$ cat data_7.pdb   # PDB, N, CA and C atoms
ATOM      1  N   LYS T   1      17.416 -13.842  -6.716  1.00  0.00           N
ATOM      2  CA  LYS T   1      15.972 -13.936  -6.540  1.00  0.00           C
ATOM      3  C   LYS T   1      15.417 -12.668  -5.900  1.00  0.00           C
ATOM      4  N   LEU T   2      16.304 -11.723  -5.605  1.00  0.00           N
ATOM      5  CA  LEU T   2      15.902 -10.462  -4.993  1.00  0.00           C
ATOM      6  C   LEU T   2      14.896  -9.727  -5.870  1.00  0.00           C
ATOM      7  N   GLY T   3      14.871 -10.074  -7.153  1.00  0.00           N
ATOM      8  CA  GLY T   3      13.948  -9.438  -8.076  1.00  0.00           C
ATOM      9  C   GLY T   3      12.499  -9.666  -7.697  1.00  0.00           C
ATOM     10  N   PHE T   4      12.263 -10.641  -6.824  1.00  0.00           N
ATOM     11  CA  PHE T   4      10.911 -10.960  -6.382  1.00  0.00           C
ATOM     12  C   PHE T   4      10.464 -10.012  -5.272  1.00  0.00           C
ATOM     13  N   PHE T   5      11.404  -9.629  -4.414  1.00  0.00           N
ATOM     14  CA  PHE T   5      11.109  -8.727  -3.308  1.00  0.00           C
ATOM     15  C   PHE T   5      10.699  -7.350  -3.823  1.00  0.00           C
ATOM     16  N   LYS T   6      11.557  -6.752  -4.642  1.00  0.00           N
ATOM     17  CA  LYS T   6      11.287  -5.435  -5.206  1.00  0.00           C
ATOM     18  C   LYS T   6       9.955  -5.426  -5.952  1.00  0.00           C
ATOM     19  N   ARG T   7       9.424  -6.614  -6.219  1.00  0.00           N
ATOM     20  CA  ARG T   7       8.156  -6.743  -6.927  1.00  0.00           C
ATOM     21  C   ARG T   7       6.982  -6.455  -5.994  1.00  0.00           C
ATOM     22  N   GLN T   8       6.980  -7.107  -4.836  1.00  0.00           N
ATOM     23  CA  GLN T   8       5.915  -6.922  -3.858  1.00  0.00           C
ATOM     24  C   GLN T   8       6.281  -5.837  -2.852  1.00  0.00           C
ATOM     25  N   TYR T   9       7.573  -5.543  -2.750  1.00  0.00           N
ATOM     26  CA  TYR T   9       8.055  -4.525  -1.824  1.00  0.00           C
ATOM     27  C   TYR T   9       7.864  -3.128  -2.403  1.00  0.00           C
ATOM     28  N   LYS T  10       8.210  -2.970  -3.676  1.00  0.00           N
ATOM     29  CA  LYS T  10       8.076  -1.685  -4.352  1.00  0.00           C
ATOM     30  C   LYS T  10       6.613  -1.267  -4.443  1.00  0.00           C
ATOM     31  N   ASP T  11       5.731  -2.248  -4.600  1.00  0.00           N
ATOM     32  CA  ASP T  11       4.300  -1.982  -4.698  1.00  0.00           C
ATOM     33  C   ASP T  11       3.745  -1.498  -3.362  1.00  0.00           C
ATOM     34  N   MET T  12       4.193  -2.123  -2.279  1.00  0.00           N
ATOM     35  CA  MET T  12       3.741  -1.755  -0.942  1.00  0.00           C
ATOM     36  C   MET T  12       4.331  -0.414  -0.519  1.00  0.00           C
ATOM     37  N   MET T  13       5.586  -0.181  -0.889  1.00  0.00           N
ATOM     38  CA  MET T  13       6.264   1.065  -0.548  1.00  0.00           C
ATOM     39  C   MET T  13       5.580   2.256  -1.212  1.00  0.00           C
ATOM     40  N   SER T  14       4.991   2.019  -2.379  1.00  0.00           N
ATOM     41  CA  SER T  14       4.307   3.074  -3.117  1.00  0.00           C
ATOM     42  C   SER T  14       2.817   3.088  -2.789  1.00  0.00           C
ATOM     43  N   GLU T  15       2.355   2.037  -2.118  1.00  0.00           N
ATOM     44  CA  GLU T  15       0.950   1.928  -1.744  1.00  0.00           C
ATOM     45  C   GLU T  15       0.477   3.191  -1.030  1.00  0.00           C
ATOM     46  N   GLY T  16       1.386   3.824  -0.294  1.00  0.00           N
ATOM     47  CA  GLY T  16       1.045   5.035   0.429  1.00  0.00           C
ATOM     48  C   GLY T  16       0.722   4.769   1.885  1.00  0.00           C
ATOM     49  N   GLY T  17       1.256   3.674   2.419  1.00  0.00           N
ATOM     50  CA  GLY T  17       1.007   3.328   3.805  1.00  0.00           C
ATOM     51  C   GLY T  17       0.249   2.023   3.950  1.00  0.00           C
ATOM     52  N   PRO T  18       0.870   0.921   3.505  1.00  0.00           N
ATOM     53  CA  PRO T  18       0.264  -0.412   3.576  1.00  0.00           C
ATOM     54  C   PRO T  18       0.163  -0.928   5.007  1.00  0.00           C
ATOM     55  N   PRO T  19      -0.932  -1.643   5.304  1.00  0.00           N
ATOM     56  CA  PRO T  19      -1.172  -2.207   6.635  1.00  0.00           C
ATOM     57  C   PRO T  19      -0.218  -3.350   6.961  1.00  0.00           C
ATOM     58  N   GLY T  20      -0.043  -3.619   8.252  1.00  0.00           N
ATOM     59  CA  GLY T  20       0.844  -4.687   8.673  1.00  0.00           C
ATOM     60  C   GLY T  20       2.092  -4.168   9.359  1.00  0.00           C
ATOM     61  N   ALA T  21       2.261  -2.850   9.359  1.00  0.00           N
ATOM     62  CA  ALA T  21       3.420  -2.229   9.986  1.00  0.00           C
ATOM     63  C   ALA T  21       4.700  -2.564   9.229  1.00  0.00           C
ATOM     64  N   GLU T  22       4.562  -2.852   7.939  1.00  0.00           N
ATOM     65  CA  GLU T  22       5.708  -3.193   7.104  1.00  0.00           C
ATOM     66  C   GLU T  22       5.926  -2.137   6.023  1.00  0.00           C
ATOM     67  N   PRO T  23       6.524  -1.003   6.417  1.00  0.00           N
ATOM     68  CA  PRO T  23       6.804   0.104   5.499  1.00  0.00           C
ATOM     69  C   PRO T  23       7.897  -0.238   4.492  1.00  0.00           C
ATOM     70  N   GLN T  24       7.510  -0.901   3.407  1.00  0.00           N
ATOM     71  CA  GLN T  24       8.459  -1.289   2.370  1.00  0.00           C
ATOM     72  C   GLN T  24       9.373  -0.124   2.006  1.00  0.00           C
TER      73      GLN T  24
END
$ encode --input "data_7.pdb" --output "structure tokens"
Amino acid sequence: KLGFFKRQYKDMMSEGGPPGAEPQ
């Protein structure tokens, strides 16, 4: 099910500095 993380994680990591202090 890890395929779900890389889905929302990869998007945030590329976001360019997503809020929440969670640097994907």
$ atom_distance --input "data_7.pdb" --atom1 "atom N of residue 22 (chain T)" --atom2 "CA of residue 5 (chain T)"
14.3 Å
$ axis_aligned_box --input "data_7.pdb" --around "region 9-24 of chain T" --padding-each-side "8 Å" --output "lines of an AutoDock Vina configuration file"
center_x = 4.1
center_y = -0.3
center_z = 2.6
size_x = 26.5
size_y = 26.6
size_z = 30.7
$ atom_distance --input "data_7.pdb" --atom1 "atom N of residue 14 (chain T)" --atom2 "atom N of residue 1 (chain T)"
20.6 Å
$ residues_around --input "data_7.pdb" --residues "residue 24 (chain T)" --least-positions-apart "3" --cutoff "8 Å" --atoms "only N, CA and C atoms" --output "list in words"
residues 8, 9, 10, 11, 12, 13, 14, 17, 18 and 21 of chain T
$ select_by_dssp --input "data_7.pdb" --residues "chain T" --states "helix (DSSP H, G or I)" --output "MDAnalysis selection string"
chainID T and resid 2:15
$ atom_distance --input "data_7.pdb" --atom1 "CA of residue 15 (chain T)" --atom2 "CA of residue 3 (chain T)"
18.4 Å
